[PDB]
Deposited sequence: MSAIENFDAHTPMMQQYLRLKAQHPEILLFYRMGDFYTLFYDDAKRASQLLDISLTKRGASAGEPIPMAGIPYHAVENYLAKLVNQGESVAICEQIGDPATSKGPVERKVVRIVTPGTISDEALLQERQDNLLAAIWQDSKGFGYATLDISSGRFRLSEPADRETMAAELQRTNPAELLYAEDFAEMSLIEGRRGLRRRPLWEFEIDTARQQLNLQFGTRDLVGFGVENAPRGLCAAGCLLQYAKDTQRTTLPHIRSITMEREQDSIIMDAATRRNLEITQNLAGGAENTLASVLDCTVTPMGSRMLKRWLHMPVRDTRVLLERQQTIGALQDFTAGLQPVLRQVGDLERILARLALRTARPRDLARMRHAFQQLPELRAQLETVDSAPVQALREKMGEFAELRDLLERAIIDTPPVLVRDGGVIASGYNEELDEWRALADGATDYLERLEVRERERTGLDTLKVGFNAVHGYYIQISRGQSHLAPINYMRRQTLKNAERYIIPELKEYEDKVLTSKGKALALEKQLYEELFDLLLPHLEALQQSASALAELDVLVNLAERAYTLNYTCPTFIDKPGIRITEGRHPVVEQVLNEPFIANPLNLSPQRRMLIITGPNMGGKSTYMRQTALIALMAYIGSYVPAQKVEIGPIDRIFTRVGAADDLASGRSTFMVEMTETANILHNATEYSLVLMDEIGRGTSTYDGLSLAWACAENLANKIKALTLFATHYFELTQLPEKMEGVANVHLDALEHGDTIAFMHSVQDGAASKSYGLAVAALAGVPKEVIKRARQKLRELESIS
């Protein structure tokens, strides 16, 4: 099997599916890797069925493997960041290609969603911001330079792709980006003086073109993401807030599972992008807010219609790549048919941004009509076999179809004519590839076959014959069908030619429809869930009246206790004592989630929120080394515009070391950084802090003991906690009474010295 070997050497770094009957086949180290990635057997040999190939390609590319398909020669390759087939993608998750590299000056980073054409670059200023961007964008495939120094950033990632340095050269990158966009320079995209970033974008674009071997006319723009434009969140914070993924790895019990009731897959993906990148420009935020208020009375009417638009964005990528299949055009048509209704419903909405979305959404009446006429109501999945183009669209096609129908009409009549003549009630006409059309008589009747019948195939219980009249009309059927099939294919290709000149407008429409989806959904969410519009103030501050945690209030069936928060430059830090038991943690996270939601333009779970500018959110909530590392990161990077949530640091080391660290951290956050800080602690000794320094106050959670249990209440109250509950929980858990009694004595002994 030397034929496999020399073909494997052609792409030695990619799994090679090698076709062999009804299977694709892998050998040597490819078999091993594949066996462990897919739950299939070894023999070294693995095999995957042919009819399920797209399924196994979906799994492999979701796990970061490129795959070459060999049918010999390599005739198809799929890579994880460059797929655009519906079978290979998850409907409600973005799938990005990215490239990274590094200067002595700093980093360059670029991402592309090959379906939507959304192309971004950035130049992260340091290791931490780069790590945060990688986690946020979570690229399915990641191109990096050979000489990349900071390998620890990307080492554990799926879909890594080591690239030569010359692919990151600035002059090549500019020339190529300018060619792609039809520009002389990149000034119009605001990236002309971002060379670190452009280098990454150029390597990425070169790779994307190499995987497709096709123009990418849907990639018409690039945008730079600046640090000051967004609320920075590091990976640990992103994880701890459970924005789109929970701490266990799933999608339930997240902020998105409550807020994302979008109706299109493109709307879902956009909302999730917004949730992970809160914007600091209140001008954008005020517009989003005003749109959410103005769409309130319209969501019931809009959503059912919007649902029918579908994933127009991903459908348009396939038009751009000329891979769109008959049902993609039928879905595009169906979306066009929703537009007059959406336009009519949106006409009376009092909002400049809704009216702007309405314009941008378009109408495309002439494309609607084209597809109504050109394609049948519910076409087949593939165009390969025809039955796609509607009658009345092309006179030549209708004619070939008529001649085919008349020849098949004739043969059906021949069947009845031959049965009648022969008196043979089993006689029939059929068709297959080997014999073309044939007359079949059963075994028991077949000795009465007329003598002109020419025997051609004996079956266990039948005989098949031809006569010249059968072959005559066979040829009428096959040549007519063949002509019609080839004509359907040419008419279908011509639909691409008529649609593609409108691609830029179509992309704008789908982007508008996706944004409408998001904003109509946030509007329904706000109204349904009793949210309020936050206001922005000039200086750091968070003033919340009856705030709630937006996830916990919908998932638990116990009543949610709403709470106030008052943070300002004069009251910058709260020391939170009392039992934790989830209540402290929830009160802290709900603070971050309210800040996050305000800063995506959403209403918030509260009676009232006023909020100042926030640059970064740190959430050290949820080994001692890992707590101290995360604490270090907060102290090194927080500013007076930062929101810091800290959860009982000092646990995991000695009493006096932990108290000493917690006290130092608190002072540094209060007096040097001046962040707005919620500082949950178990140390009663830390409640003396308000007496020793300005801007610091005590609050606490308490418990109610009753019957034979304890109710940990979630009401945040002024002042220090005056009780501990560890021994009460120990008694309820069955620790022997004599042990509890001795612990109570040691406890008073220990506490009475302070």
Practice task
Would you list the gaps, meaning deposited-sequence stretches without C-alpha coordinates, in the order they occur?
Solution key: 1-13, 57-66, 95-107, 659-668
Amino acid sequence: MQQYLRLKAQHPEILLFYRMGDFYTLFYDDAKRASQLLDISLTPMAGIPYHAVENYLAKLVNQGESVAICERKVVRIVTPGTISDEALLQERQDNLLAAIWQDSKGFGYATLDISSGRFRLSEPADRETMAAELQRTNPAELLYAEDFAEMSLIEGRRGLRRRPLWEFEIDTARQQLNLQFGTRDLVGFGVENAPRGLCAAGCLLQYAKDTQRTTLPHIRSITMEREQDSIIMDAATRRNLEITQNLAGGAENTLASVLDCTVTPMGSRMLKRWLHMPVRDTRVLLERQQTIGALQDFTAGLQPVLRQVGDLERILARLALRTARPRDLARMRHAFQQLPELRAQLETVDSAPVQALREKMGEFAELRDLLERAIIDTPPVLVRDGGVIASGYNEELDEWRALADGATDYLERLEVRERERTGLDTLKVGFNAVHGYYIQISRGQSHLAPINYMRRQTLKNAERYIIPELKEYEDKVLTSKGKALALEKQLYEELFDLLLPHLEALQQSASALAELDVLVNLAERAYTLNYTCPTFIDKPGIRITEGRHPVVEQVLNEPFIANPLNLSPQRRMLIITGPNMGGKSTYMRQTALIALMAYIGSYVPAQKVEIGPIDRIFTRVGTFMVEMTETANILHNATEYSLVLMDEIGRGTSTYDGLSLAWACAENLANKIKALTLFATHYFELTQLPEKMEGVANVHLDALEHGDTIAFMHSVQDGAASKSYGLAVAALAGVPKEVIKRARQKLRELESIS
From here on, numbers count along this sequence of modelled residues.
Practice task
Between 557-565 and 234-242, point out the one with the higher average CA B-factor as the PDB entry records it.
Solution key: 557-565
Exercise for the section: Mind pulling up the entry and telling me whether 139-147 or 247-255 has the higher mean Cα temperature factor? Expected result: 247-255
Exercise for the section: Could you say which of 709, 63, 687, 43 has its CA atom at the highest B factor, as listed in the PDB entry? Expected result: 43
Exercise for the section: Could you tell me which one of 607, 654, 585, 660 shows the highest CA temperature factor in the PDB record? Expected result: 585
Practice task
For residue 67, return the chain-relative third of its C-alpha B-factor as stated in the PDB record: lowest, middle or highest.
Solution key: lowest
Problem - Relative C-alpha B-factor of residue 109, binned into the chain's lowest, middle or highest third - result: lowest
Practice task
Name the third of the chain's ranked CA B-factors that contains residue 723, choosing lowest, middle or highest.
Solution key: middle
Exercise for the section: Rank-wise, by C-alpha B-factor, drop residue 540 into the lowest, middle or highest third of its chain. Expected result: highest
Practice task
Could you say whether, by C-alpha temperature factor, residue 54 belongs to the lowest, middle or highest third of its chain?
Solution key: middle
